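Working notes, structure below.
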Amino acid sequence: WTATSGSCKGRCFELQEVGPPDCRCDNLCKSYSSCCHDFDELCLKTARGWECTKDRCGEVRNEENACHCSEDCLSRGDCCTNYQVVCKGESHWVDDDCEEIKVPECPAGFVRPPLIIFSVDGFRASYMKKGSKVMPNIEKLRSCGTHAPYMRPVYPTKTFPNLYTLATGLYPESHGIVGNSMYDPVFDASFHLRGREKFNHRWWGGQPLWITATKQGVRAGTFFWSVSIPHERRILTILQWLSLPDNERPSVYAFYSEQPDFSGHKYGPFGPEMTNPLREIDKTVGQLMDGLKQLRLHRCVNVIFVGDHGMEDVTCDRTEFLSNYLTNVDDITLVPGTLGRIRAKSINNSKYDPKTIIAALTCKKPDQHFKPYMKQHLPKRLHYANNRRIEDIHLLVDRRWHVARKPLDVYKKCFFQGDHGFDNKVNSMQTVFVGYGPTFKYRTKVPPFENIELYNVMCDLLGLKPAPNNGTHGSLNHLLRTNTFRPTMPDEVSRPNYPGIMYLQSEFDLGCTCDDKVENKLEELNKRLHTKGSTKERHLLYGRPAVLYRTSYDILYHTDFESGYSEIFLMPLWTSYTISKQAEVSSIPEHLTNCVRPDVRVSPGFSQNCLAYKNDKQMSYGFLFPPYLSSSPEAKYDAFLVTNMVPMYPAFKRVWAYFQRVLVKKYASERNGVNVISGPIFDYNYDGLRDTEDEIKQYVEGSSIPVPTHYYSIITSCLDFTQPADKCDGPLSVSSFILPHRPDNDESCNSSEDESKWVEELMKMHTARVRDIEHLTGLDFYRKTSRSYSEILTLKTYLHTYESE
Ligand SMILES: *[C@@H]1O[C@H](CO)[C@@H](O[C@@H]2O[C@H](CO)[C@@H](O[C@@H]3O[C@H](CO[C@H]4O[C@H](CO)[C@@H](O)[C@H](O[C@H]5O[C@H](CO)[C@@H](O)[C@H](O)[C@@H]5O[C@H]5O[C@H](CO)[C@@H](O)[C@H](O)[C@@H]5O)[C@@H]4O)[C@@H](O)[C@H](O[C@H]4O[C@H](CO)[C@@H](O)[C@H](O)[C@@H]4O[C@H]4O[C@H](CO)[C@@H](O)[C@H](O)[C@@H]4O)[C@@H]3O)[C@H](O)[C@H]2NC(C)=O)[C@H](O)[C@H]1NC(C)=O
Ligand SMILES: CC(=O)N1CCN(c2ccc3[nH]c(=O)n(CC(=O)NCc4ccc(Cl)c(Cl)c4)c(=O)c3c2)CC1
Ligand SMILES: [Ca+2]
Ligand SMILES: [Ca+2]
Ligand SMILES: [Cl-]
Ligand code: NA
Ligand code: NA
Ligand SMILES: [Zn+2]
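The sequence shown runs 51 to 463, 468 to 573, 576 to 861 under the authors' numbering.
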């Protein structure tokens with residue numbers, strides 16, 4: 051119960067929010083329907099519209115008007131945004147040439163440039179080009195300020211997960227808003243776009259920019275807006291707050307637009323009906339900018355123009371129905387749409403088998419427009435697993451399609471032509487970024503980046519120290535004219551051992567055999585140089601990775617590859633090698649088919665053993681440096697060391713062997729050499745972070761040899777491909793992957809064909825950023841290059857998406 055009989059006189063859009071049962075006057079009261087009885091009258095004035103006309107100039111102030119054209123309005127801070135244009139012969143902001151803003155040009159009393167976030171729902175990246183003729187304000191911001199060709203949203207590419215990622219720097223799995231709708235099994239409650247449950251703070255984790263600001267003494271306007279407040283009133287409210295006294299005035303402001311998303315859903319991303327909502331958004335930008343120029347804040351404010359996701363063509367007839375796949379479709383609950391999440395209908399029911407559900411959904415129809423996954427098998431790049439609100443069963447739906455439970459859910463619940475929510479690498483889902491102001495660069499294009507990175511930059515723009523988040527601080531330093539953050543390399547925690555030859559062959563009892571006993577002082581010093589690091593400048597091009605946690609490990613040098621060998625996990629953490637464009641692929645000679653050799657540098661007690669693999673009827677093994685790429689028949693023996701061996705399912709060896717034998721050579725060929733770092737990843741609790749030894753749930757039968765959940769490779773070359781990878785003078789070019797280490801290839805519907813028809817497709821799906829691999833391994837890559845650290849941080853956040861342009 052609210053006693054809404056209090057008044058909003060003098061409290062319109064109050065910044066601090068008042069505790070019930072006292073009525074409210076802030077920009078959210080309408081959503082709680084707890085506004086004071088006079089809120090509409092006092093606070094939502096509309097009389098005479100939004101613009102001055104000749105006949106209003108100098109008028110006697112009428113307090114009933116939406117905004118004012120009277121003389122005193124500039125000092126009151128409540129002129130219509132075109133006042134100066136109509137009544138003082140000034141020009142619209144868009145009509146002014148852009149002049150570089152070398153320094154903040156702020157009125158007296160401004161302790162720092164204000165930040166205004168202008169966020170636009172459903173603003174697909176390609177609107178910047180395709181709608182350019184009808185968005186002159188936005189086009190000016192874009193070409194004058196700093197801009198990216200597109201910004202990658204987070205998955206799912208839905209509104210609430212994305213806006214709250216913008217505000218926190220956190221993956222949805224970490225901030226809690228893992229969908230537009232979601233069910234929490236602990237709360238036994240559902241969050242939806244519509245309704246009151248979303249107002250409860252228990253859903254919203256992390257620390258959003260406004261709490262970060264407030265905790266450090268910077269004042270923040272509200273980021274949420276009630277839908278009923280029109281856009282003209284939001285702009286005028288922001289401009290009013292900007293006229294407040296220094297000690298009361300916010301330093302950060304957010305404006306939110308429901309468009310073009312609202313129309314996009316109705317008309318598709320490029321419906322003829324889409325031109326007007328784009329005109330209208332642009333007009334609002336103009337209003338804000340004229341509003342700023344009026345207050346002489348237009349060369350003082352940093353403005354971020356940002357979308358939460360794009361929009362794709364989706365219609366009712368492109369819907370897959372689960373009722374066509376399962377007979378027991380009434381036992382499940384589906385979160386439907388552009389992604390699927392499936393859980394048991396009647397919770398705590400032991401008849402429900404996720405495994406049998408997945409199998410009924412796998413590769414059942416030749417043209418199937420979704421693929422089921424256990425959440426922990428989703429591509430690690432989606433970071434979509436580690437939250438109890440994410441159902442164990444996930445469906446990644448194809449672009450342009452929907453999934454629904456039964457036909458009655460679609461014809462009893468065609469409305470729409472547009473939707474979003476698909477995989478965040480999908481072109482139609484990319485969105486926009488423009489930064490404009492004193493702190494952003496002038497007429498600068500930056501590469502596409504992920505929206506998780508902005509929280510750190512916004513904190514910098516406000517002089518705040520950011521809460522711990524998923525951005526990589528420093529990786530967007532190149533957006534900024536002046537940087538408050540100077541990134542530095544994390545310190546190495548464990549230093550390696552460099553063992554020499556310490557063990558005699560006969561000390562090893564590993565059940566390993568090799569055909570290696572075939573009989576010169578010239579090639580004898582030469583082999584020994586290799587074991588001591590003579591070829592290391594060739595295979596470790598960017599210095600050795602740093603180990604960022606406490607462990608025990610050895611550097612092992614070889615003619616063709618160097619490795620970091622863990623005595624704890626009994627395998628390499630990383631193996632590094634370079635394959636020039638000239639290098640040749642050979643076979644494993646028949647006499648060496650099952651060859652595994654003890655490593656005399658590494659004690660029996662810290663080695664794997666062949667007996668374990670023999671006994672484990674599921675588990676086979678593979679090699680991190682591929683024997684296929686040995687530089688000489690003599691060097692090939694090194695590839696068969698027990699210290700280069702890793703546990704691999706036969707199903708997975710098909711993928712790995714094709715990567716090693718065919719793809720590495722092809723990339724070296726296409727990229728003019730490549731350097732490869734490969735290794736195991738252990739993430740049994742699917743939190744995206746390196747597991748400690750006591751977290752491993754699977755070992756090779758009868759052994760202490762832990763089974764990796766994934767295998768990664770980082771493939772680096774010279775961005776200028778006329779230079780070879782091993783002699784590169786400038787910026788680097790990278791692509792990486794994290795492949796799930798799975799006992800079957802059920803993920804790849806084509807896996808019964810030749811590897812050349814499915815393997816590369818799979819690896820593409822599991823493309824990753826170097827930074828993802830760093831969190832999963834506790835390693836730090838690229839410690840010794842000639843490049844600046846902030847450039848390396850950008851490189852480590854790069855994701856090769858394989859989309860077309
Ligand atoms: C992306 O960035 C984020 C942010 O940096 C990274 O997430 C962090 O990871 C840290 C390491 O895992 C994690 O630290 C843990 O915090 C525990 C305290 O948790 C609360 O306090 C913090 C601080 O204010 C708060 O942020 C948390 O908020 C979570 O939980 C609520 C709901 O309960 C949500 O509203 C909110 O969204 C958030 O949920 C997310 O995180 C939790 C895990 O914390 C997940 O379960 C959710 O699914 C969701 O993703 C919490 O309110 C702290 O107790 C932990 O400490 C244990 O372990 C260490 C090991 O060193 C040990 O020293 C401690 O003593 C302790 O062990 C004891 O407790 C164990 C567990 O109870 C117990 O089993 C043992 O036996 C011991 O008794 C730990 O420090 C940090 O909280 C999160 N932060 C966030 C915001 O998620 C994320 O990793 C990055 N992602 C990638 C891919 O890099
Ligand atoms: C965490 C926290 O403090 N609270 C307290 C306030 N609660 C709340 C209250 C009223 C609301 N009224 C309303 O219209 N909407 C729509 C709206 O504003 N959409 C734009 C928008 C902008 C910024 C962000 Cl970050 C997001 Cl996700 C969405 C809301 O979402 C909304 C949310 C949420 C939990
Ligand atoms: Ca949206
Ligand atoms: Ca883990
Ligand atoms: Cl959702
Ligand atoms: Na075996
Ligand atoms: Na298959
Ligand atoms: Zn939408």
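By construction, the Cβ of each residue, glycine as well, lies at the ideal position given by its N, Cα and C atoms.
Query	Result
Which ranges would you report for the alpha helix (DSSP H) in the stretch 670 to 738 if only whole runs of at least 4 residues count?	706 to 714, 720 to 727
Starting from the C-beta of residue 28, find all residues in its chain whose C-beta is less than 8 Å away, skip the five residues before and the five after it, and write them out in chain order.	Residue 28 lies beyond the stretch modelled for the chain, which goes from 51 to 861, so this question has no answer here.
By how many angstroms is the C-alpha of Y693 removed from the C-alpha of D570?	8 Å
Compare the Cα-Cα distances from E140 to each of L389, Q344, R162 and report the closest residue.	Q344
Report the CB separation of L629 from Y609 in whole angstroms; it is logged as a contact under 8 Å.	6 Å
For ligand 6, any of its heavy atoms closer than 7 Å to the Cβ of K673?	yes
Taking the beta carbon of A409 as the centre, do at least 16 other beta carbons fall within 10 Å, making it buried, or is it exposed?	exposed
Would you grab the beta carbon distance between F738 and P764 for me? Rounded to a whole angstrom, and I think it's under 8 Å.	6 Å
Rounded to whole angstroms, what is the Cα-Cα separation between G256 and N436?	14 Å
Taking only three categories from DSSP, how would you classify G139?	coil
How should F469 be labelled, buried or exposed, when 16 other C-beta atoms within 10 angstroms of its C-beta is the threshold for buried?	exposed
Pick out whichever of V136, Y723, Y755, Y684 has its Cα sitting closest to the Cα of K673.	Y755
Using C-beta distances below 6 Å, list every residue in its chain close to residue 31, excluding the 5 sequence neighbours before and after it, in chain order.	Only positions 51 to 861 of the chain appear in the structure, and residue 31 is not among them; the question remains open.
The beta strand (DSSP E) with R391 in it runs from where to where?	389 to 394
Whole angstroms are fine: how far does the CA of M556 sit from the CA of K519?	50 Å
Compute the distance between the beta-carbons of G475 and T369, then report whether it is under 8 Å.	no
Could you check if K405 belongs to the surroundings of ligand 2, using beta carbon to heavy atom distance under 7 Å?	no
Within a Cβ cutoff of 8 Å, which residues of the same chain sit near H427, ignoring the five residues on either side of it in sequence?	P796, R798, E803
Mind checking whether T485 and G565 have CB atoms under 8 Å apart?	no
Pick helix, strand or coil for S636, following the three-state DSSP scheme.	coil
Tell me whether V228 counts as near ligand 2, meaning its Cβ is closer than 7 Å to at least one heavy atom of that ligand.	no
If we ignore side chains and look at the alpha-carbon of each, how far apart do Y677 and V641 end up?	21 Å
Would you list the residues whose beta-carbon is nearer than 6 Å to any heavy atom of ligand 2, in the order they occur in the chain?	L78, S81, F210, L213, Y214, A217, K248, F249, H251, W254, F273, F274, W275, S276, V277, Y306
Residue range of the beta strand (DSSP E) that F487 falls in?	487 to 490
Below 8 Å between beta carbons: does that hold for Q559 and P654?	yes
Looking at C-alpha atoms only, which residue of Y767, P319, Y845, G219 is the closest neighbour of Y705?	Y767
Do you know how far the Cα of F237 is from the Cα of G226?	13 Å
Is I761 buried or exposed, if buried means 16 or more other CB atoms sit within 10 Å of its CB?	buried
What is the rounded straight-line gap between the Cα of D122 and the Cα of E113?	12 Å
Take every Cβ of the stretch 195 to 214, pair it with every Cβ of the stretch 495 to 513, and state whether three or more of those distances are shorter than 8 Å.	yes
Exposed or buried, what is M543 when buried is set at 16 or more other beta-carbons lying within 10 Å of its beta-carbon?	exposed
Given 8 Å as the limit, is there contact between the stretch 297 to 317 and the stretch 136 to 150, that is, 3 or more CB pairs closer than that?	no
Would you say the beta carbon of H315 comes nearer than 7 Å to a heavy atom of ligand 8?	yes
List the endpoints of the continuous alpha helix (DSSP H) containing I167.	Looking at the DSSP string, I167 is not in any alpha helix (DSSP H); the run it does join, the beta strand (DSSP E), is 165 to 171.
Where do the ends of the alpha helix (DSSP H) carrying residue 575 lie?	There are no coordinates for residue 575 in this structure, because the numbering of the chain runs from 573 directly to 576.
Do you know how far the Cα of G491 is from the Cα of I166?	10 Å
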